[PDB]
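In the block that follows, a single chain appears as structure tokens, in the form deposited without the ligand.
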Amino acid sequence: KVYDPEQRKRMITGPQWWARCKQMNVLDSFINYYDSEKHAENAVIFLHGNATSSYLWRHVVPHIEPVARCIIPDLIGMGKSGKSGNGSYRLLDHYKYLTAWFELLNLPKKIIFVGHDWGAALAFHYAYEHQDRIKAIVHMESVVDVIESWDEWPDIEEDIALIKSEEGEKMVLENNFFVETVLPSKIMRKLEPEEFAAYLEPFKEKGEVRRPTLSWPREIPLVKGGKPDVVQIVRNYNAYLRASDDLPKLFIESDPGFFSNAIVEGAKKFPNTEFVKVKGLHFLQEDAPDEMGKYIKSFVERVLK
């Protein structure tokens, strides 16, 4: 893998990004976030997933800012956000902080969500519980449905079995598996040193600080072997999304992707979905940010008219 030769010229380092962010206290902690402020009649909330932070969206967001207010948090325990008060980082812990944070943002009645990975799960669950607050949903490499079979998936069955076992703590708390192994593996280009450093920084130290990156995959909604509360959450939102004929959606497929291939047929079960494609693996924002930004912009513009 090779550096994109034109990237250093436009690179945004961690410190450059964090300087453009602000914080809001939320319950017993706080959230770090980027807010583009302008055009606040609409709000496009971008949610990262495991391993990453708001930083992931840094080259995507400029495309959408001119048409709507863009708001991009670091999920609790991730990026430069605060930690969860009880040290728990399950989907519902993340949701508790995220929804409390939304209350303080002065959002419009109908919100646009853009979700990746577990950040899409959070958007979908929010939508299920707030069905009157949703203007549109963009999703990518997302938690679309429960998992009944590994057939169309990347070969991670044993990785997941290991992660769910006591081996998960070694892989993640000790070895930083998601940052040092998964992250670069699932970006096609080579990240600039400063870009990788921005992903590493929250999790640079060994041990419990890395917990969110272990808790996320342990939420995987496997019908056989999964945590049943998350299976229920996903089943519930999946049925709601299949029935949501009047809710515009955009699915950004990654080619060849990481699990896009496994979830696309599921994404097609959600009506009113526009489909586009970019070249990438899992962390597609790092390989096609401008193409993604333009597709999202175009979709948002249509939905606002």
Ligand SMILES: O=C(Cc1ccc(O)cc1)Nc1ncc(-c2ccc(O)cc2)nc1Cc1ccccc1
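Here, rigid core means the biggest group of C-alpha atoms that superpose within 1.5 Å across both forms. Numbers follow the displayed sequence, beginning with 1.
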key: Between 5-13 and 286-294, the one whose CA atoms sit farther away in 5 other deposited structures of this protein (rigid core aligned)   = 5-13
note = Between 134-142 and 150-158, the one drifting more in C-alpha RMS in 5 other deposited structures of this protein once the core is aligned is 150-158
task = Between 196-204 and 150-158, name whichever shows the higher mean Cα B factor according to the PDB entry.
result = 150-158
remark   = So, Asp132's CA B-factor, relative to its chain, sits in which third? The middle
task = Taking the chain's C-alpha temperature factors as the reference, tell me which third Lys9 falls into: lowest, middle or highest.
result = highest
remark   = For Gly85, the third of its chain by CA B-factor is the highest
note = Entry-reported C-alpha B-factor of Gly77 relative to its chain, by third, is middle
Ranked C-alpha temperature factor of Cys21 among modelled chain residues, by third = lowest
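Below: the form deposited with the ligand bound, not depicted.
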request  = For the ligand-free chain shown, place the ligand by superposition of the C-alphas around its site using the coordinates in the deposited complex, and mark the site blocked if 3 or more ligand atoms sit within 2.4 Å of backbone or C-beta atoms, otherwise open.
outcome  = blocked
task = Choose one stretch from 79-87, 196-204, 107-115, 175-183: the one whose residues place a heavy atom within 4.5 angstroms of the ligand in the deposited complex.
result = 175-183
ask   = Pick from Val231, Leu191, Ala100, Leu162: which residue has any heavy atom within 4.5 angstroms of the ligand in the deposited complex?
value = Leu162
inquiry  = I'd like to know if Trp153 sits close to the ligand in the deposited complex, meaning any non-hydrogen atom pair within 4.5 angstroms.
reply    = yes
inquiry  = Is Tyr240 near the ligand? Define near as a heavy atom within 4.5 Å, in the deposited complex.
reply    = no
message = Does any part of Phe30 reach within 4.5 Å of the ligand in the deposited complex? Heavy atoms only, please.
response = no
task = Although the ligand is absent from this view, report whether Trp57 comes within 4.5 Å of it in the deposited complex, heavy atoms only.
result = no
query = Are all three of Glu141, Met171 and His282 close to the ligand in the deposited complex, meaning a heavy atom of each within 4.5 Å?
reply = yes
